[PDB]
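Just one chain is shown here, as structure tokens, and it is the form solved without the ligand.
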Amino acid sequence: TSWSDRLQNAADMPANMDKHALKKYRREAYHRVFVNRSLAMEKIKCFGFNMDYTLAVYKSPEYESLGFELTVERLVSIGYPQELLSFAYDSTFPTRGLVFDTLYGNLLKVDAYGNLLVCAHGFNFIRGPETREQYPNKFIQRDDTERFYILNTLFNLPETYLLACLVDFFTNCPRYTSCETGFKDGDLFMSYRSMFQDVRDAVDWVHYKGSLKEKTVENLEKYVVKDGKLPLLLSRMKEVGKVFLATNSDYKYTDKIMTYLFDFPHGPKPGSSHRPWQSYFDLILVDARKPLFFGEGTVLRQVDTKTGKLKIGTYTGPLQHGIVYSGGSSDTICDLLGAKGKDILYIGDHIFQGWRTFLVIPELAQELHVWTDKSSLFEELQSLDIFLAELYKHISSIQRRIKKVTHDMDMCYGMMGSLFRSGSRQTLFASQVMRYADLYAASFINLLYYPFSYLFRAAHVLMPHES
């Protein structure tokens, strides 16, 4: 069961909206909204949305698999060897948030402080003594952005796997000779950095210039989760505040996707008349150019919605319906909606004054199921950790047991472990979720199970001396 199977299983449920129905439903972890920082819902005046992996949850492993194959085909088409065509996408290998080391050709899982949790070269997992040869203190400086690339997004999933496949292919194929920083074909030296750049370029091309969008849109049932509860949540939000869409996609793609997502023989609830997806938003903005959108942005433009092209000129005046914007900035959205900063909840799949944030983490659906299965393994980890400290206070192969249990726990998630941790150690990714997302969940649909004056309450944080 993929995480998107879990989302699609819950998506097939009709909404029972009775008071205690919604109450007993948000006991179940997969349907809860988790809280890093308290947030009074009653004080939210606008709800903003990204499209991709937020409203439009691409099905897994199919969509990753499509991205992977189109990227492989782009690499072959620009000169990569034919053997690449025999790769097939394996959803059990990649974990989101890995670091690619372009110097050595390794994928690294790290904590917030640069400590290495997992190191793999191709499909070989480096450990202990041999890791320290390339990572002296088992440490990487993540802000050496010229060397290390953080594979942070869900669109980075196929290329996470592809990079491993390639290092493995060049490392094991006898045409090639392995080096520390790349590989030779006869006297021809190819660095892992050049190779990483070709992949990155090929992923960009598939998205901006290749057939990814085209192939998605011809089979939306295969590639995109559809949930009848979407128009219901959005119409409920529009009762209590304004709703907006800000997406990086162009207008034609957004329209095709959004039309599919609202394509039910009904509107908010069954039995009601269907309405156009545009009717659910007070403001629709495409070609947003995030993350630049959140800074200086680009000039505000306006789409001719019959042609999908930009108008010559932009409607100057106040917010009125019918209009679709393009570019601009998040500050321009505030001005148009008449609401600033903490009055705004922005719901998206990516971790980037000051809007409140709801982070959708689609993997959380499967992570939650494994987490509860492993509870014993984690509890033992805590005990060993506690007992180890007891020994040092005043033979001591508790360390090897700690190493063993940590591996076992991790393998249940896939080869690169949990998104959020390796054994008792939190990932870079988990720390950034905690620092940057006020609220997070497997799906934003989970908001539907809470009343709109709900006070989301974070646990009181105490310093070590306060506890």
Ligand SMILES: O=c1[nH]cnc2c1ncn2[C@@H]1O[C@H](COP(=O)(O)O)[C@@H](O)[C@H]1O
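We call the rigid core whatever largest set of C-alpha positions still superposes within 1.5 Å between the two forms. Sequential numbering from 1, following the sequence displayed.
The next section is about a form of this same protein that is not shown, the form solved in complex with the ligand.
- This chain is drawn without the ligand; in the deposited complex, the residue among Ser329, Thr160, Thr357, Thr247 with a heavy atom within 4.5 Å of it is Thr247.
- Out of the listed residues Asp255, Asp349, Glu367, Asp101, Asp349 is the one that sits within 4.5 Å of the ligand in the deposited complex by at least one heavy atom.
- Within 4.5 Å of the ligand in the deposited complex, a heavy atom is found for all three of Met51, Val203 and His207.
- From the list 207 to 215, 186 to 194, 337 to 345, 73 to 81, the contact stretch for the ligand in the deposited complex under a 4.5 Å heavy atom rule is 207 to 215.
- The ligand in the deposited complex is approached by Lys290, whose closest heavy atom lies within 4.5 angstroms of it.
- Remark: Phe170 does not count among the residues lining the ligand in the deposited complex, judged by a heavy atom distance of 4.5 Å or less.
- Not displayed here, the ligand is kept clear of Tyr280 by more than 4.5 Å at the level of heavy atoms in the deposited complex.
- Contact check for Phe87: every heavy atom lies farther than 4.5 Å from the ligand in the deposited complex.
- Just one residue from the list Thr314, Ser211, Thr332, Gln278 crosses the 2 Å line for C-alpha shift between the shown form and the other one on a rigid core fit, and it is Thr314.
- With the core held fixed between the shown form and the other one, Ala88 has its Cα displaced by under 2 Å.
- If you fit the rigid core between the shown form and the other one, you'll see the Cα of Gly341 move by less than 2 angstroms.
- Relative to the superposed rigid core, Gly295 undergoes a CA displacement smaller than 2 Å between the shown form and the other one.
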